[PDB]
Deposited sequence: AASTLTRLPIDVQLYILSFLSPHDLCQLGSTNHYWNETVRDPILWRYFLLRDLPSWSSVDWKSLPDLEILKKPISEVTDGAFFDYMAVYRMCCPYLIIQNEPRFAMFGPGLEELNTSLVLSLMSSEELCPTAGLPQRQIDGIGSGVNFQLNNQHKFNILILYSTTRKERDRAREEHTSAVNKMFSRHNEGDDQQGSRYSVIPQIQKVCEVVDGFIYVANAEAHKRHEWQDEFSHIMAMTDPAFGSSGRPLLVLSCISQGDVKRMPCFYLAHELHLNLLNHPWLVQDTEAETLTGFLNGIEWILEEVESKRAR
C-alpha cells in the first residue's frame, strides 16, 4: 500500500475518519478501492449513530430503529448502520423508486390492451427494467417516469395463484413491492364473481407478506371511450372494498387513451411516502 495514509492501522484510520462528515467521507471514498470500502465501515457508522442519536429532537413511527437493545449492544456479540443513520437522521430521506405489482383480470379481457398502451406511451418513457437487481424469476418489470420527475417500476403479473393459493414467485413480489394495482374490468357487459376477485385481491394484498398498509390502486378499466361503463362507485361497492381498511382508490380508466391512468398513478405515488 504505497500511500502513507493507506498503510495506517484500520483502528487509527477509522479514528481519523471519526472527525469527518458524511459529505467529506464521500469525497474520500471517491479515491476508490479501499477508501470507498472503508469509508462505509459498519463500525464508523455505529459510532456516528450512537453519537448524534442523542442530538435529535424528533422520532416518527416510520423511523424508530429496532430495539435500541439491538442498535446499542456489543459490536459483534444488523447494520446497515449507515442506512439506519439515514432513516433516523430527521434531516435526511433515504431514496426509493417505488415498485408496484400490477395484476387483475382487466389485463386480459379488454379488447384493447392497457399494458400495450402503457408500453406505447410517449409521456411515460417506459423502458425495460434493468437486470440490476430488479430481477426475480418474473423479470425486471417496466420502469416509467412520470412527467420527468418521479420514476417508478411496475411488475405486471399476467398470472397470479394456482383461500390463499398465492404462487411462490408471486409472494417474492408481494413482499418487496410498495403497492398494488388491480385492473378491474369496468365494461358494463361483463358478468362478475365479485367474491372471487375480492378474495383474489386479498390473497395478494395479504399482510403476512410485506404487511404494512400498502396502498391499492384499482383501475376500473374499459377498452375505449365509447364502451358503456359500470360506474366506479358501484364497482368499488361490488368488490366489497369497504372491508380492506387500508388506502385504496378506484380510478376510472380507458385502455386506448390511458385517460385516467395518470391521475391514478399520481395517487399511489403520493400514498407511498416517508
No C-alpha positions exist for deposited residues 78-81, 167-196, 309-312
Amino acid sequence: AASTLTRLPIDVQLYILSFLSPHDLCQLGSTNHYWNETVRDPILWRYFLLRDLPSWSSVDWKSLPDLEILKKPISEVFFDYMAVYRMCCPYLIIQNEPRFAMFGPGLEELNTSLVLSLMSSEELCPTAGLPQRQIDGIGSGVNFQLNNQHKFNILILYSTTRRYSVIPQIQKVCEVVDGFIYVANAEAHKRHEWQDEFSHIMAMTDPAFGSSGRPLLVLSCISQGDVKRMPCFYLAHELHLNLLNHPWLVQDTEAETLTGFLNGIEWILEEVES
From here on, numbers count along this sequence of modelled residues.
Quick one: say whether 100-108 or 125-133 has the higher mean Cα B-factor in the deposited entry.
125-133
Assigned third (lowest, middle, highest) for the C-alpha B factor of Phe233:
middle
Entry-reported C-alpha B-factor of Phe198 relative to its chain, by third, is middle
CA B-factor ranking of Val227, expressed as a third of its chain:
middle
Ranked by Cα temperature factor within the chain, is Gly139 in the lowest third, the middle third or the highest third?
highest
Rank-wise, by C-alpha B-factor, drop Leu146 into the lowest, middle or highest third of its chain.
highest
